[PDB]
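Contents: one structure, followed by commentary.
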Amino acid sequence: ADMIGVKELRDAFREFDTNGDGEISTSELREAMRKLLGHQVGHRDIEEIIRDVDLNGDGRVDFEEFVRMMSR
């Protein structure tokens, strides 16, 4: 059902969504992950979500993709 989590991601995007039409970079999300949720999940889990993908120069992630890395 509705588990406490997504709601935190939605607010995260609006908070990190600078002005690129609603888009964040792994860097922004990386800091967001460390800020949102926090521990209680194993610092390893967070680093994992950040390990799944890797930057290259134009690494971009939209709320959907971001939430998907989660809602996955």
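Here's how to read the names in the structure tokens: chain A, B, ... by the order shown, residue numbers from 1 in each chain, ligand numbers from 1 in the order shown.
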
DSSP helix (DSSP H, G or I) residues within chain A, listed as a PDB file with N, CA, C and O atoms, in the first residue's frame:
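Listed below is the output, part.pdb:
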```
ATOM      1  N   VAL A   6       8.073   7.328  -0.511  1.00  0.00           N
ATOM      2  CA  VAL A   6       7.861   8.120  -1.747  1.00  0.00           C
ATOM      3  C   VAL A   6       7.594   9.584  -1.414  1.00  0.00           C
ATOM      4  O   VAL A   6       8.214  10.470  -1.964  1.00  0.00           O
ATOM      5  N   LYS A   7       6.674   9.810  -0.515  1.00  0.00           N
ATOM      6  CA  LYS A   7       6.359  11.210  -0.137  1.00  0.00           C
ATOM      7  C   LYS A   7       7.634  11.998   0.131  1.00  0.00           C
ATOM      8  O   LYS A   7       7.737  13.157  -0.225  1.00  0.00           O
ATOM      9  N   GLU A   8       8.585  11.357   0.754  1.00  0.00           N
ATOM     10  CA  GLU A   8       9.860  12.057   1.053  1.00  0.00           C
ATOM     11  C   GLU A   8      10.643  12.323  -0.222  1.00  0.00           C
ATOM     12  O   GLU A   8      11.377  13.285  -0.310  1.00  0.00           O
ATOM     13  N   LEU A   9      10.475  11.468  -1.191  1.00  0.00           N
ATOM     14  CA  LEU A   9      11.205  11.666  -2.458  1.00  0.00           C
ATOM     15  C   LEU A   9      10.591  12.817  -3.223  1.00  0.00           C
ATOM     16  O   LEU A   9      11.286  13.647  -3.774  1.00  0.00           O
ATOM     17  N   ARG A  10       9.289  12.852  -3.235  1.00  0.00           N
ATOM     18  CA  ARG A  10       8.605  13.937  -3.956  1.00  0.00           C
ATOM     19  C   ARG A  10       9.053  15.286  -3.419  1.00  0.00           C
ATOM     20  O   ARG A  10       9.367  16.186  -4.176  1.00  0.00           O
ATOM     21  N   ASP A  11       9.080  15.411  -2.119  1.00  0.00           N
ATOM     22  CA  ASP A  11       9.508  16.697  -1.532  1.00  0.00           C
ATOM     23  C   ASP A  11      10.986  16.911  -1.795  1.00  0.00           C
ATOM     24  O   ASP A  11      11.459  18.029  -1.842  1.00  0.00           O
ATOM     25  N   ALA A  12      11.698  15.832  -1.956  1.00  0.00           N
ATOM     26  CA  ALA A  12      13.143  15.960  -2.219  1.00  0.00           C
ATOM     27  C   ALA A  12      13.353  16.597  -3.580  1.00  0.00           C
ATOM     28  O   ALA A  12      14.145  17.505  -3.731  1.00  0.00           O
ATOM     29  N   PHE A  13      12.632  16.105  -4.552  1.00  0.00           N
ATOM     30  CA  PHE A  13      12.768  16.667  -5.910  1.00  0.00           C
ATOM     31  C   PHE A  13      12.473  18.156  -5.924  1.00  0.00           C
ATOM     32  O   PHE A  13      13.283  18.943  -6.354  1.00  0.00           O
ATOM     33  N   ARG A  14      11.312  18.519  -5.449  1.00  0.00           N
ATOM     34  CA  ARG A  14      10.961  19.958  -5.436  1.00  0.00           C
ATOM     35  C   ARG A  14      12.024  20.767  -4.703  1.00  0.00           C
ATOM     36  O   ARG A  14      12.235  21.927  -5.000  1.00  0.00           O
ATOM     37  N   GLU A  15      12.688  20.138  -3.771  1.00  0.00           N
ATOM     38  CA  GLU A  15      13.735  20.861  -3.017  1.00  0.00           C
ATOM     39  C   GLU A  15      15.036  20.921  -3.810  1.00  0.00           C
ATOM     40  O   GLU A  15      15.742  21.911  -3.771  1.00  0.00           O
ATOM     41  N   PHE A  16      15.333  19.862  -4.517  1.00  0.00           N
ATOM     42  CA  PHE A  16      16.578  19.849  -5.311  1.00  0.00           C
ATOM     43  C   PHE A  16      16.331  20.378  -6.716  1.00  0.00           C
ATOM     44  O   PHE A  16      17.231  20.880  -7.360  1.00  0.00           O
ATOM     45  N   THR A  26      23.098  13.357 -10.178  1.00  0.00           N
ATOM     46  CA  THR A  26      23.505  12.363  -9.166  1.00  0.00           C
ATOM     47  C   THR A  26      24.102  13.067  -7.958  1.00  0.00           C
ATOM     48  O   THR A  26      23.915  12.645  -6.836  1.00  0.00           O
ATOM     49  N   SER A  27      24.808  14.140  -8.210  1.00  0.00           N
ATOM     50  CA  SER A  27      25.422  14.883  -7.086  1.00  0.00           C
ATOM     51  C   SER A  27      24.337  15.421  -6.170  1.00  0.00           C
ATOM     52  O   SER A  27      24.395  15.255  -4.968  1.00  0.00           O
ATOM     53  N   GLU A  28      23.362  16.062  -6.757  1.00  0.00           N
ATOM     54  CA  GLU A  28      22.263  16.615  -5.938  1.00  0.00           C
ATOM     55  C   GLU A  28      21.539  15.495  -5.231  1.00  0.00           C
ATOM     56  O   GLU A  28      21.235  15.589  -4.059  1.00  0.00           O
ATOM     57  N   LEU A  29      21.273  14.450  -5.954  1.00  0.00           N
ATOM     58  CA  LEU A  29      20.573  13.317  -5.339  1.00  0.00           C
ATOM     59  C   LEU A  29      21.481  12.665  -4.304  1.00  0.00           C
ATOM     60  O   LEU A  29      21.039  12.296  -3.234  1.00  0.00           O
ATOM     61  N   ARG A  30      22.742  12.537  -4.637  1.00  0.00           N
ATOM     62  CA  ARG A  30      23.673  11.914  -3.671  1.00  0.00           C
ATOM     63  C   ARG A  30      23.573  12.629  -2.342  1.00  0.00           C
ATOM     64  O   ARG A  30      23.494  12.006  -1.301  1.00  0.00           O
ATOM     65  N   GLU A  31      23.578  13.936  -2.395  1.00  0.00           N
ATOM     66  CA  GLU A  31      23.480  14.705  -1.143  1.00  0.00           C
ATOM     67  C   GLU A  31      22.074  14.584  -0.589  1.00  0.00           C
ATOM     68  O   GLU A  31      21.864  14.627   0.605  1.00  0.00           O
ATOM     69  N   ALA A  32      21.130  14.432  -1.482  1.00  0.00           N
ATOM     70  CA  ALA A  32      19.724  14.302  -1.045  1.00  0.00           C
ATOM     71  C   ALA A  32      19.530  12.983  -0.315  1.00  0.00           C
ATOM     72  O   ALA A  32      18.892  12.928   0.718  1.00  0.00           O
ATOM     73  N   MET A  33      20.087  11.938  -0.871  1.00  0.00           N
ATOM     74  CA  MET A  33      19.951  10.612  -0.229  1.00  0.00           C
ATOM     75  C   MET A  33      20.553  10.650   1.167  1.00  0.00           C
ATOM     76  O   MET A  33      20.003  10.098   2.099  1.00  0.00           O
ATOM     77  N   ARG A  34      21.677  11.302   1.288  1.00  0.00           N
ATOM     78  CA  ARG A  34      22.325  11.387   2.615  1.00  0.00           C
ATOM     79  C   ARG A  34      21.479  12.247   3.544  1.00  0.00           C
ATOM     80  O   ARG A  34      21.533  12.107   4.751  1.00  0.00           O
ATOM     81  N   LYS A  35      20.710  13.130   2.956  1.00  0.00           N
ATOM     82  CA  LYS A  35      19.849  14.013   3.779  1.00  0.00           C
ATOM     83  C   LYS A  35      18.490  13.381   3.999  1.00  0.00           C
ATOM     84  O   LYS A  35      18.012  13.293   5.111  1.00  0.00           O
ATOM     85  N   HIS A  43      24.104   2.682   5.711  1.00  0.00           N
ATOM     86  CA  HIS A  43      24.816   3.607   4.796  1.00  0.00           C
ATOM     87  C   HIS A  43      25.202   2.895   3.509  1.00  0.00           C
ATOM     88  O   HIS A  43      25.410   3.521   2.488  1.00  0.00           O
ATOM     89  N   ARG A  44      25.291   1.597   3.578  1.00  0.00           N
ATOM     90  CA  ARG A  44      25.662   0.829   2.366  1.00  0.00           C
ATOM     91  C   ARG A  44      24.542   0.875   1.338  1.00  0.00           C
ATOM     92  O   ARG A  44      24.787   0.997   0.154  1.00  0.00           O
ATOM     93  N   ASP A  45      23.330   0.778   1.807  1.00  0.00           N
ATOM     94  CA  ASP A  45      22.184   0.814   0.868  1.00  0.00           C
ATOM     95  C   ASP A  45      22.187   2.108   0.070  1.00  0.00           C
ATOM     96  O   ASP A  45      22.020   2.098  -1.133  1.00  0.00           O
ATOM     97  N   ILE A  46      22.378   3.205   0.753  1.00  0.00           N
ATOM     98  CA  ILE A  46      22.392   4.504   0.042  1.00  0.00           C
ATOM     99  C   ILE A  46      23.519   4.531  -0.985  1.00  0.00           C
ATOM    100  O   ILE A  46      23.299   4.848  -2.137  1.00  0.00           O
ATOM    101  N   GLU A  47      24.707   4.194  -0.558  1.00  0.00           N
ATOM    102  CA  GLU A  47      25.839   4.200  -1.514  1.00  0.00           C
ATOM    103  C   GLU A  47      25.530   3.294  -2.695  1.00  0.00           C
ATOM    104  O   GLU A  47      25.978   3.531  -3.799  1.00  0.00           O
ATOM    105  N   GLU A  48      24.762   2.266  -2.441  1.00  0.00           N
ATOM    106  CA  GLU A  48      24.410   1.335  -3.536  1.00  0.00           C
ATOM    107  C   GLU A  48      23.600   2.062  -4.599  1.00  0.00           C
ATOM    108  O   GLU A  48      23.937   2.036  -5.766  1.00  0.00           O
ATOM    109  N   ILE A  49      22.541   2.700  -4.173  1.00  0.00           N
ATOM    110  CA  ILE A  49      21.701   3.433  -5.142  1.00  0.00           C
ATOM    111  C   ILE A  49      22.560   4.392  -5.948  1.00  0.00           C
ATOM    112  O   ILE A  49      22.268   4.692  -7.089  1.00  0.00           O
ATOM    113  N   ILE A  50      23.609   4.856  -5.331  1.00  0.00           N
ATOM    114  CA  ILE A  50      24.513   5.795  -6.026  1.00  0.00           C
ATOM    115  C   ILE A  50      25.557   5.023  -6.821  1.00  0.00           C
ATOM    116  O   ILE A  50      26.246   5.574  -7.655  1.00  0.00           O
ATOM    117  N   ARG A  51      25.655   3.751  -6.539  1.00  0.00           N
ATOM    118  CA  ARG A  51      26.642   2.912  -7.258  1.00  0.00           C
ATOM    119  C   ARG A  51      26.016   2.311  -8.511  1.00  0.00           C
ATOM    120  O   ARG A  51      26.686   2.100  -9.503  1.00  0.00           O
ATOM    121  N   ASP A  52      24.736   2.053  -8.443  1.00  0.00           N
ATOM    122  CA  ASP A  52      24.047   1.466  -9.619  1.00  0.00           C
ATOM    123  C   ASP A  52      24.489   2.149 -10.908  1.00  0.00           C
ATOM    124  O   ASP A  52      24.896   1.495 -11.848  1.00  0.00           O
ATOM    125  N   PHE A  63      12.737  13.287 -11.663  1.00  0.00           N
ATOM    126  CA  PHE A  63      12.026  12.695 -10.506  1.00  0.00           C
ATOM    127  C   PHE A  63      11.607  11.262 -10.787  1.00  0.00           C
ATOM    128  O   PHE A  63      11.812  10.383  -9.973  1.00  0.00           O
ATOM    129  N   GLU A  64      11.029  11.045 -11.931  1.00  0.00           N
ATOM    130  CA  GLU A  64      10.594   9.672 -12.267  1.00  0.00           C
ATOM    131  C   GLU A  64      11.764   8.709 -12.191  1.00  0.00           C
ATOM    132  O   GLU A  64      11.743   7.766 -11.426  1.00  0.00           O
ATOM    133  N   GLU A  65      12.769   8.956 -12.982  1.00  0.00           N
ATOM    134  CA  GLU A  65      13.939   8.055 -12.950  1.00  0.00           C
ATOM    135  C   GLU A  65      14.451   7.950 -11.525  1.00  0.00           C
ATOM    136  O   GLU A  65      14.775   6.882 -11.048  1.00  0.00           O
ATOM    137  N   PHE A  66      14.506   9.077 -10.868  1.00  0.00           N
ATOM    138  CA  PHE A  66      14.985   9.094  -9.472  1.00  0.00           C
ATOM    139  C   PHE A  66      14.067   8.235  -8.617  1.00  0.00           C
ATOM    140  O   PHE A  66      14.507   7.303  -7.954  1.00  0.00           O
ATOM    141  N   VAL A  67      12.796   8.538  -8.656  1.00  0.00           N
ATOM    142  CA  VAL A  67      11.859   7.739  -7.852  1.00  0.00           C
ATOM    143  C   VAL A  67      11.931   6.300  -8.283  1.00  0.00           C
ATOM    144  O   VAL A  67      11.822   5.402  -7.476  1.00  0.00           O
ATOM    145  N   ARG A  68      12.117   6.091  -9.564  1.00  0.00           N
ATOM    146  CA  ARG A  68      12.191   4.704 -10.041  1.00  0.00           C
ATOM    147  C   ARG A  68      13.371   4.008  -9.419  1.00  0.00           C
ATOM    148  O   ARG A  68      13.253   2.886  -8.988  1.00  0.00           O
ATOM    149  N   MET A  69      14.510   4.673  -9.353  1.00  0.00           N
ATOM    150  CA  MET A  69      15.654   3.965  -8.738  1.00  0.00           C
ATOM    151  C   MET A  69      15.214   3.537  -7.391  1.00  0.00           C
ATOM    152  O   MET A  69      15.807   2.679  -6.768  1.00  0.00           O
ATOM    153  N   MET A  70      14.178   4.207  -6.925  1.00  0.00           N
ATOM    154  CA  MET A  70      13.643   3.868  -5.583  1.00  0.00           C
ATOM    155  C   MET A  70      12.501   2.886  -5.682  1.00  0.00           C
ATOM    156  O   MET A  70      12.602   1.741  -5.288  1.00  0.00           O
ATOM    157  N   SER A  71      11.410   3.389  -6.224  1.00  0.00           N
ATOM    158  CA  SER A  71      10.201   2.565  -6.394  1.00  0.00           C
ATOM    159  C   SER A  71      10.510   1.259  -7.081  1.00  0.00           C
ATOM    160  O   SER A  71       9.647   0.422  -7.252  1.00  0.00           O
TER     161      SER A  71
END
```

Next on the checklist: For the structure I just gave you, how does DSSP split chain A - specifically, which residues are strand (DSSP E)? Reply as an NGL selection string.
Outcome noted: :A and (23-24 or 61-62)

Include N, CA and C atoms and write out the residues we just selected as a PDB file, in the first residue's frame.
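Below is the file that was written, selection.pdb:
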```
ATOM      1  N   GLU A  23      14.715  18.754 -12.645  1.00  0.00           N
ATOM      2  CA  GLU A  23      15.755  17.733 -12.882  1.00  0.00           C
ATOM      3  C   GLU A  23      16.889  17.859 -11.866  1.00  0.00           C
ATOM      4  N   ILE A  24      17.409  16.726 -11.432  1.00  0.00           N
ATOM      5  CA  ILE A  24      18.525  16.754 -10.442  1.00  0.00           C
ATOM      6  C   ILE A  24      19.676  15.914 -10.949  1.00  0.00           C
ATOM      7  N   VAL A  61      19.035  13.154 -14.101  1.00  0.00           N
ATOM      8  CA  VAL A  61      17.990  12.243 -13.566  1.00  0.00           C
ATOM      9  C   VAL A  61      16.727  13.020 -13.211  1.00  0.00           C
ATOM     10  N   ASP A  62      15.620  12.571 -13.737  1.00  0.00           N
ATOM     11  CA  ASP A  62      14.341  13.259 -13.449  1.00  0.00           C
ATOM     12  C   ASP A  62      13.648  12.589 -12.270  1.00  0.00           C
TER      13      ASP A  62
END
```

Checklist outcome for this item: Students should find that CA of residue 41 (chain A) and CA of residue 17 (chain A) are spaced 24.4 Å

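Between CA of residue 42 (chain A) and CA of residue 4 (chain A) the interatomic distance comes to 17.1 Å.
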
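For the choices A:38, A:72, A:25, A:19, the atom-to-atom distance to residue 58 (chain A) is smallest for A:25 when using only C-alpha atoms.
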